[PDB]
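# Fold and geometry: a report
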Amino acid sequence: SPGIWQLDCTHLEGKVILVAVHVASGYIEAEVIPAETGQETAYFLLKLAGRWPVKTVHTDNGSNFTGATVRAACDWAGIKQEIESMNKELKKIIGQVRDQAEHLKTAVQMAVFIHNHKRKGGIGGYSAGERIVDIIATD
Amino acid sequence: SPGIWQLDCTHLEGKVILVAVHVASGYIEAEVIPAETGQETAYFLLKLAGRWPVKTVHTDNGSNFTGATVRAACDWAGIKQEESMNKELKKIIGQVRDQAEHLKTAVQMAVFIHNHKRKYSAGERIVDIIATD
Ligand SMILES: Cn1nc(-c2ccc3c(c2)OCO3)cc1N
Ligand SMILES: Cn1nc(-c2ccc3c(c2)OCO3)cc1N
Ligand SMILES: [Cl-]
Ligand SMILES: [Cl-]
């Protein structure tokens, strides 16, 4: 279950954002992509799998996962295929920082930063970033 | 020290790749970027610091770091400013190059192979070091 991620799309300002959540920790990797296509989805998946030990991705099973490119990426990376709060928590933070960035993509990364660093248990709490690392180090 | 990363540029096929290395593990984050500008550098650094606990980046201190935007980014993310796997990464990019239509895909395959290669991987090492703390 350390290797399980959920991947979803979210949309803002006519642009596409892919959001991957590490199910066990709530840690997020997210990016504006140029189009919800097989090619760009395969790219985002290859990027994620090269940074974290991704075994399984739960996805919406939509059009951008049916093509030979994404299947080929998943195969290659050793990944098998088998929310809304995140995507709206993420939206909220994005709205909160939207002013200070020219480009949506910058705000997206600021939002991912705040989400992964936020310690919400007070003095005891763990950030999503501390949680992913603890879970994966444990195994 | 867990929070220390080294950031360098490398150039292939007329395009610019930023490579961040987590010094204690050898783990790598790397991306083709549109141009070696302060804007794009600031963006790559914000991405990195949102994904790992970056305290200090050692950079080449060149032009893309002197501007309002990168300074502002580092300040905001709480980063202070104070290349072996860089030839290695090009080697891996050389080996996978045929299978990618686009260089940026080869780059990410190369990052994948570098971070997962065992014989602990760099990916296991960064997580152990940072969990340690
Ligand atoms: C102290 N510490 N910090 C982290 C940590 C790990 C990943 C992160 C992060 C913090 O912010 C963005 O992504 C893990 C531990 N043990
Ligand atoms: C088993 N295992 N695998 C990892 C691991 C962590 C990060 C990675 C990776 C593997 O490949 C690409 O980036 C960490 C542990 N403990
Ligand atoms: Cl999607
Ligand atoms: Cl640089």
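Look above for the structure.
A brief report on the enclosed structure follows.

Reading the values: the criteria
Residues numbered from 1 in each chain as written, not as in the entry; some residues may be left out. Chains lettered and ligands numbered in written order. Heavy atoms only, no water. Residues with missing side-chain atoms left out of burial classes, pairs and counts. Near = heavy atom within 4 Å. Polar contact = N/O pair within 3.5 Å; in protein donor to acceptor, adjacent residues only side chain to side chain. Areas by Shrake-Rupley, 256 points an atom, 1.4 Å probe, with all protein chains shown as cover. Helix = DSSP H or I, 4+ residues; strand = E, 2+ residues; numbered from the N terminus. Nonpolar A, V, L, I, M, F, W, Y, C, P; charged D, E, K, R; others polar. Core = buried A, V, L, I, M, F, W, Y, C linked by side-chain atoms within 4.5 Å. Buried < 20%, exposed > 50% of the residue type's maximum accessible area, 1.4 Å probe, protein only. Contact = heavy atoms within 4.5 Å.

Within the structure, ligand 1 sits among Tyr27(A), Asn116(A), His117(A), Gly129(A), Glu130(A), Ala49(B), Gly50(B), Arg51(B), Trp52(B), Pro53(B), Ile130(B) and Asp133(B). Around ligand 1 the close residues trace back to chains A and B. The separation between an oxygen atom of ligand 1 and a polar main-chain atom of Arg51(B) is 3.0 Å. Here a nitrogen atom of ligand 1 sits 3.2 Å away from a polar atom, N or O, in the main chain of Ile130(B). Notes on ligand 1: free accessible area 390 Å², of which the protein chains cover 88%. Looking at the shell around ligand 1, the elements with two or more residues in it are α4 (104–117) and α5 (128–138) of chain A. Within the shell around ligand 1, the residues separate by chemical class into five nonpolar, four polar and three charged.

For the rest of this paragraph, the subject is the nonpolar core. With 88 residues, the main nonpolar core has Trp5(A), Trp52(A), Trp5(B) and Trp52(B) as its most contacted residues. Setting aside chain neighbours within four positions, we find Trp52(B) in contact with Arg51(A), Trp52(A), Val133(A), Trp5(B), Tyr27(B), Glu29(B), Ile126(B), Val127(B) and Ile130(B).

Moving on to the site of ligand 2. Of all residues adjacent to ligand 2, which total 13 residues, the nearest are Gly50(A), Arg51(A), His116(B), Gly123(B) and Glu124(B). At the site occupied by ligand 2, nearby residues are drawn from chains A and B. In this structure, a nitrogen atom belonging to ligand 2 sits 3.4 Å away from a side-chain N or O atom of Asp139(A). Take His116(B): an N or O atom from its side chain is 3.0 Å from an oxygen atom of ligand 2.

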